[PDB]
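Okay, here we've got a single chain as structure tokens, the form deposited in one PDB entry, with questions on binding and movement later.
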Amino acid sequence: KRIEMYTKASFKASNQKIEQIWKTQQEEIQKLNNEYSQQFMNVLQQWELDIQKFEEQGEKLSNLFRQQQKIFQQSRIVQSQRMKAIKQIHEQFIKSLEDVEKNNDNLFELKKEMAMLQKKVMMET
């Protein structure tokens, strides 16, 4: 009766110390598991922030690309437009000279003035 109670008290105190040994070692493993999770969680949050900066950086240069691209197309067509222009100018020059040369054949007007000088000459004689 009494012996049986005293041995129940001591079992409950040993049981308590046996738990605490188990708990202490599981608490220590938990602080490692947690400390490991925070460092691991902070590295992915940093990487996420890094991808954010990465994408914001790439987006500016996408707009910068665009402005140069419209300017780059305009300069291209002007380079070919100028060139057509000088071809046009040369072709109108050459044609306006051919046109002149045609009236040269008409003039070889001289013979008219000589026939007139000859008429005056004979009239004298």
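Heads up, when I say rigid core I mean the largest set of C-alphas that superpose within 1.5 Å between the two forms. Numbers follow the displayed sequence, beginning with 1.
The next section is about a form of this same protein that is not shown, the form deposited in another entry.
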Worksheet item: Is the C-alpha displacement of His90 equal to or greater than 2 Å between the shown form and the other one once the rigid core has been superposed?
Response: no
Worksheet entry | C-alpha of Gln73 moved at least 2 Å between the shown form and the other one on rigid core | yes
Worksheet item: Is the C-alpha displacement of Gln57 equal to or greater than 2 Å between the shown form and the other one once the rigid core has been superposed?
Response: yes
